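# Architecture at a glance
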Amino acid sequence: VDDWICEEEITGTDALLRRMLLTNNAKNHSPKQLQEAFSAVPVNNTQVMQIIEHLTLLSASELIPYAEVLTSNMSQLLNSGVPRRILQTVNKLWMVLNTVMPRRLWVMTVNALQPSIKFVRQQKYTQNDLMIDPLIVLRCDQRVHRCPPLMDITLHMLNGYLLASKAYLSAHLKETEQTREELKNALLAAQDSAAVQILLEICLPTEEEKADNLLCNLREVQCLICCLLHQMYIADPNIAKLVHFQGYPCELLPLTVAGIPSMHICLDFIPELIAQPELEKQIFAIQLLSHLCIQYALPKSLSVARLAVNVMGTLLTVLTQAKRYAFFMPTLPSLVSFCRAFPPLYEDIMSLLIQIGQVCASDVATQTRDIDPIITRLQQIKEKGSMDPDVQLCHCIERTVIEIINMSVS
Amino acid sequence: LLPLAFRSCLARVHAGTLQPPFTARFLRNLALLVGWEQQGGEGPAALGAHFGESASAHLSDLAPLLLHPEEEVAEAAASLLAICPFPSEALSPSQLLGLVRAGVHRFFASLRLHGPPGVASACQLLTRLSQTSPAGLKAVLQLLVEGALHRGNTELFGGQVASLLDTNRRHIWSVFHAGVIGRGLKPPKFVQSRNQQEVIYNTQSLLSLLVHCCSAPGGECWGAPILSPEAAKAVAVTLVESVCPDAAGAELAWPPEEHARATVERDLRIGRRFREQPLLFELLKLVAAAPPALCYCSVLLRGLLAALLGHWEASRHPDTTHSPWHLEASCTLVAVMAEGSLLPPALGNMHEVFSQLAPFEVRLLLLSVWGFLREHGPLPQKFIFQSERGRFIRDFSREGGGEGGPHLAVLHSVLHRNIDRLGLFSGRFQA
Amino acid sequence: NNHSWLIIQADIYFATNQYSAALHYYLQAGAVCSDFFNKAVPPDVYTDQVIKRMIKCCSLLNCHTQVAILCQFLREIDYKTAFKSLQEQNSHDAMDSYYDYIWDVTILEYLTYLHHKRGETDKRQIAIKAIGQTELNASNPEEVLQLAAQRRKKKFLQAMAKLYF
Amino acid sequence: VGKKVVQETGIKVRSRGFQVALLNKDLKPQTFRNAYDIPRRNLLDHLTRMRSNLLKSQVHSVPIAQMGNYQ
Amino acid sequence: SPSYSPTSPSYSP
Amino acid sequence: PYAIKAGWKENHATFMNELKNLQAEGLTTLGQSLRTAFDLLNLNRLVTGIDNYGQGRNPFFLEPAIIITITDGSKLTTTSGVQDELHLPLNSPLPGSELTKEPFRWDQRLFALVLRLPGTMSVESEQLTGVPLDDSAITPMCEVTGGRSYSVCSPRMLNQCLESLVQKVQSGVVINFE
Amino acid sequence: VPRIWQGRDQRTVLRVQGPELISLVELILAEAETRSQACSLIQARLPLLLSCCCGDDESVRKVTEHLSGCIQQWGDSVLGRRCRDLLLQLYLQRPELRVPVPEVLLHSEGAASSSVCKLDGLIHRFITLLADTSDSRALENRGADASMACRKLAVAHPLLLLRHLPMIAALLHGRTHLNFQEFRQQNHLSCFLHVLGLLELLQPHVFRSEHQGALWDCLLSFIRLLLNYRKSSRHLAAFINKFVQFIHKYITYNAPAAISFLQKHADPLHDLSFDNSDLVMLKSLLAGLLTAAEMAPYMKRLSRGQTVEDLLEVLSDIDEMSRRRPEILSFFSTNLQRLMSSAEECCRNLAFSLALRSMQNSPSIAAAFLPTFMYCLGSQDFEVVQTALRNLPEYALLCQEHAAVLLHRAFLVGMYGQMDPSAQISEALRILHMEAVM
């Protein structure tokens, strides 16, 4: 629907500017001239700027000749120090070309956005090639991951090829008939979930970005991917359920919960996600529920939080020492979020925290340790270590209680 | 005035008020006052303050400050604890345990931080705590060695110890490989590095503290002190508890070699513990300095000897130096057994020749050691207390066959076979 | 360091339902009588009455596995209280960590059954590993079992001392 | 004498009837048939395998008794 | 109902 | 419901498969299991009328069976506690059970193979003597029903006991003499 | 930028360094200065400052002290005026800072501005809880806790409460008509004495011009109550004493406003004086139109007492008369702090109750009891720790700046010592959260 609603008249000012500026007979700007402007030894951003700015005025029908030069040279736009307006206008022109010339534009655009270290890199990514394996479009040069216009382009491509692949393999299984439908549905669900996971991993800050600065290209790409995932979840919430059952790196949970308004449906299946055997899935469920409770503080959210507290208290006395550490290290920062969402949980949260603190203290007492936290019973506050698991878990319990008390007190 | 003042100041210290600079200043000033009063001039007598008693009243309150995150407060409290007198009556078991645990933690923490120089205060505190009572002595020794052998602080003494996106990048249209075996590639493996000089002098500091805690007080103007067999026995038994589980075959009498073949797993565990932690041998010879105590390490010595016997049997090299650690461990083990009077001087000198022999010869000598210990045994009752100097002495002449007839025959045969290289060492095994 | 007065203080705390303080002072008396807990505690101090008092102290603090340990101290092991306490699930002490200190094979048998019935397979594996220890084989020579029990007793009492002092 | 059933996977979770099941013993996860049985650890590889299998283009886990019965 | 937030007005028919 | 896993109408392969996959995870509920075993053996007696009740006892109408109970020496346990004395429960009697007023029947015997293998090896020259009787709770129940218990303390003693057991299987009935 | 916020739904965040923030706030002040030749633009620009500070307590405190220095520099210039306006707006937006801010803003009239405080709704919640009560003793306990929190906020942040003065004035207006019998049974006298004490504890600021109208409304409600139930004036002896002391302070600090109120309501006062002539203090007012020495032997006996009998006797003598004269307990603070750590149960409990009552009357001295209370929590004597836990919610409600470390100590002793303080910490934390951020 994005391409169709793009065609919709907004105000008609574009027609006015068409009739006014294009009448200058500056239409001497030709694809060969644009290609020459791109291939200057210096960057020479002025000439390409003027040409593509002029091309914005061109109607979609006559803009077809410029498809080859714009797509072929968009790899050069990844270089450092390219002006933003160049990429913005390229995005606008690509959207226009997509509105009138979708399929071959997609084929040539994917062929153009190859990593380029492999040079040709199998330029035979035909229409069928992408239609069978939509994830090819994600196999692109790393620089697009922090280039918001071309990233938006790639997201459009990815959505289109997911739907195209669905219809394609449906048609293929129909014609090859001469059960398999279950395998079709499973393959489609797996493909959509895999696309979602790759996008989420793109949203992660890399090590260099890890090496504050909340306004950058990464935030723009995160917003774009969040919008696309919102569209996908609206299209099929079962994909959201499958992705969350698969889980993903918990650093994204604030980002994903804040940027995907359809995420509120997660409270429906979180009770069933909790009941999975895998410890990792339960940990992820607790973290997800904590972020949602921060976001949406609803009675159903409170009931699911009560269930979360009860299961954490339950399997506190089912897990071994190593399992206790591995489970309660990530899910303890969720308790402060639960306290923030729901004051009526203070009783159960504090009772659970006391029980786990005494269990961990006894566990510390069983074996000789380095720090011996029990004798350090009168320590002060310490805001922000390869020690043994139990003292780490005790310090984590301490920090959880510190955060809860500090936020409630102020 | 002084009890109330100390109470109020410590209460302010424990509460959020009285920030760490003033806390360290207060502790240093109180330490200065206690040390000044101990220096019995005219002024301390005239003042009549009794800083020592009032400070002693709040020992349970001062003990947590040894664990303070601020280093200056920690060392100020360490000095104050080092000099402050304990209560006239005694220390309560909770107070004694808290003081010992805080003292050993401060000892190891300051050893890690400042090295050996910044250790004197904790050492003085622990020596005093050991001197308070035998229970205090046992607690200090046990906790100190346990913290020394703990996975943390063992490095002080030379001890040992994007997915989906990248996957899509790598991925022509077939999986080729059927799957990944286990959890993918193994990690980049563990590495370690520390100056050996620092290891040596940290071990020296720990061993000096242990010798201070073990040696009896007082006295006379001449004569080196005697290591207490009770303290060394405590160190021995806690070493046995730490290294191995003390599970089976724990009686001091050694069993036949059939049992050595029947308990190879425990022996290998003991051997690996000795290989990873060089500090264990130092503690072994510390135990061996006192004669009766090394008998209680009979399980440790038996297991290590069994591991070495297995290694020498399995060894295929012609020279014994291709196995550096095992050769050194055999030499050290025999020397330690000789120090504790578990072997006669003739057997005790065999480690001098281990570096020259083939593996089967050194295995035969160690098996002769095993046979001798089967015949006589490391029984503490065999040690006769020589009241002439307050020390236990093992008499092998009275024991009968103390020279070890068959064992010396085996040793002489081994020497005679390799007489070309071992001619000069023939005198070390004379009667 | 007068163990009789420490036991009197512990009983005074126990009479007022101050179970934590009572257990603290019982452990202090035990620490007085033995050289810390290196030696075995004399029978006339840790009598069956004192050990039962410690049992009830641990039970009222929801340290149920600790009750399971102390049940072995008695002249005859009180399997009824130990089994009734291990059935609890609101434990405040690290249940799996204390399975090293059981030396009686029937206590561990009940433990393995309980974990199997409730489905916690991993703790059942820990219990089965504990049973499978060679030193705990019930048909060992008597002094071997006695020494294993003694060392586990020492380690457990030292852990309790570190926890409560 | 047959009793072809296994132990209940429940937990009897307490509010101190929702329960968390144990490991699905003998489940035989139909990874190709169901997309929820694919771990994130190996999502892409199984995706490729099921894609290739679906086009025109559990085994080798036989019991030990039936492993070398050549007859 | 993923297209409507839980704190949005409900269209009662 | 799960105690019996190889009853009647079960082939040898099923027996072997069940025997391999045994997990030691229950209580030492010796009495209830022994009652289950005796009820299983006496399941078919009344329907075929082998026990001629009220018509004398026929030694030629016998279905010879022996129960070889292999167990350790540890005391009996139940969820309530340790029982420390073997008691057969009679909570749900099989129909017609009161006619014999004893679970074990005329042609049945119970041989206990009490495993007492020590953890650490203890070589003893006393092992060369004959297999001794065990002191556990199962020994009186073995004695009353014509059988006897065995206390093996080494693999060779286990082999000797199993050799003795094979010689002790023979079709016959047990009579108390006076 | 719309790209940064694309996909958001605009419902319920950047970091900058110190000197950059100082430059930004000085730039805001320059904009205000050139705008001067109201506070509209300062409030318009303030969201940027809050976003840039990112809720960083240290950054906000740095800006606060920098603006205080600027106000000290300029004094009362146009730049000084706009610095005061910005500082008061920031204080309203970030009132969680324990500092009540210096006297410079206590003289300004920006409290009536069209501005929203980050804490106003919460004190509104607590003042509703204070006023609304019934015969229930549970609701009376709730109202007492509400009075405690509101009083601590009064002594800590007096300006915030005075912005809500017309509200409680209207409530006082509403509650005055009800006859004496239902007034006493419904415990409305508790509400009246609570608001009267609160007004007393908002002493030097309630007499300003902006607060004058609601103050006159509250006083009108009080005098209407006095006139309507003049028959049973004897049961209102404490209320009459408190009201006359408040009138004394009113005529002392602000004589013109007090006189202007008195002439506005002269005839009710004259009629009440003629009818209730036994109000000798009222007649003394018409005419206008020691304590430490008594407690010497008590303090000496308490200090020098050793046996439990003597301590119990002196504590009971202090307790029995302190109900009549609550002000006296301020003298025995340091002396009975040492009794709170006493091993004996009875004297310790009685000392804890007396200390709690003392700091209840005077919330300022509550912070002085922090070291002894923390020592009691951490002491070896388990009875002492138990009773410290028992009184933990009350003292936590009293302090509220060291409630963080206090509850942390309580949790730590619960974690290692086997006691279960989950209930006490839960109640204390519930009240503190229901005050500070809810």
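The notes below deal with the structure included here.

Conventions and cut-offs
Residues numbered from 1 in each chain as written, not as in the entry; some residues may be left out. Chains lettered and ligands numbered in written order. Part of a larger assembly, values for the part shown. Heavy atoms only, no water. Residues with missing side-chain atoms left out of burial classes, pairs and counts. Contact = heavy atoms within 4.5 Å. Buried area = accessible area lost by both parts, 1.4 Å probe. Salt bridge = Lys/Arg side-chain N within 4 Å of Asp/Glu carboxyl O. Polar contact = N/O pair within 3.5 Å; in protein donor to acceptor, adjacent residues only side chain to side chain. Helix = DSSP H or I, 4+ residues; strand = E, 2+ residues; numbered from the N terminus. Patch = residues over 30% accessible without salt bridge, like charges linked within 9 Å, V, L, I, M, F, W, Y side chains within 5 Å. Areas by Shrake-Rupley, 256 points an atom, 1.4 Å probe, with all protein chains shown as cover. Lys, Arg positive; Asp, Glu negative; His and termini not counted. Charge placed at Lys NZ, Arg CZ, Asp CG, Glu CD. Buried < 20%, exposed > 50% of the residue type's maximum accessible area, 1.4 Å probe, protein only. Axes fitted to C-alpha atoms, helices over the stretch in contact; angles between N-to-C directions. Parallel < 35°, antiparallel > 145°, perpendicular 65-115°, else oblique. Left-handed = near helix turned anticlockwise from the far one by under 90°. Nonpolar A, V, L, I, M, F, W, Y, C, P; charged D, E, K, R; others polar. Expected span 1.5 Å × (residues − 1).

## Notes on the interface of chain A and chain C
Contacts between the two partners involve 18 residues from chain A and, on the opposite side, 18 residues from chain C. Here chain A and chain C share an interface that buries about 1,500 Å² over both sides, 55% of which is from carbon and sulfur atoms. Along the contact surface separating chain A from chain C lie one salt bridge. Ionic pairing is found between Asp96(C) and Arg324(A), a salt bridge with its closest N-O pair at 2.8 Å. Between the two partners, chain A and chain C, sit nine residue pairs in polar contact. Residue assignment for the side of chain A that touches chain C shows that the elements contributing at least two residues are α18 (321-331) and α20 (346-366) of chain A. Here the element with the most residues in the side of chain A that touches chain C is α20(A); it accounts for eight residues.

## Points about a positive patch on the surface
Residues and elements named next belong to chain C. Residues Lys52, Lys56, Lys80 and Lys84 make up a contiguous surface patch of positive charge. Listing elements by their share of the positive patch, those giving two or more residues are α3 (48-60) and α5 (79-86). On the basis of relative accessible area, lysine 80 is assigned to the partly exposed category, the value being 45%.

## What about the packing of helix α2 (residues 19-33) of chain C against α3(C)?
Between two packed helices, the angle of one axis relative to the other and the distance separating the axes together describe the packing. All names here are of chain C. The N-to-C vectors of α2 and α3 enclose an angle of 140°; their axes lie 9 Å apart at closest approach. By the angle between their directions, the pair α2 and α3 is classed as oblique. The way α2 lies across α3 gives a crossing that is left-handed. Note on element contacts: α3 touches α2 through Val50, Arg53, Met54, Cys57, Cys58 and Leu60, opposite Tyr19, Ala22, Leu23, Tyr26 and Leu27. In the contact of α2 with α3, the residues fall into 10 nonpolar, no polar and one charged.

## Description of helix α4 (residues 78-93) of chain G
Residue and element names in this part refer to chain G. Its 16 residues give α4 an end-to-end C-alpha distance of 22 Å, which sits within 8% of 22 Å, the value for a rise of 1.5 Å per residue. Counting buried residues along α4, 12 of its 16 residues qualify, which places the element largely inside the surrounding structure. Taken as a whole, α4 has its buried residues at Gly80, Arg82, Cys83, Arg84, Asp85, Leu86, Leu87, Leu88, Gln89, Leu90, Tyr91 and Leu92. For α4, the elements touching its buried residues are α1 (18-36), α2 (40-53), α3 (57-74), α5 (103-106) and α8 (158-162).

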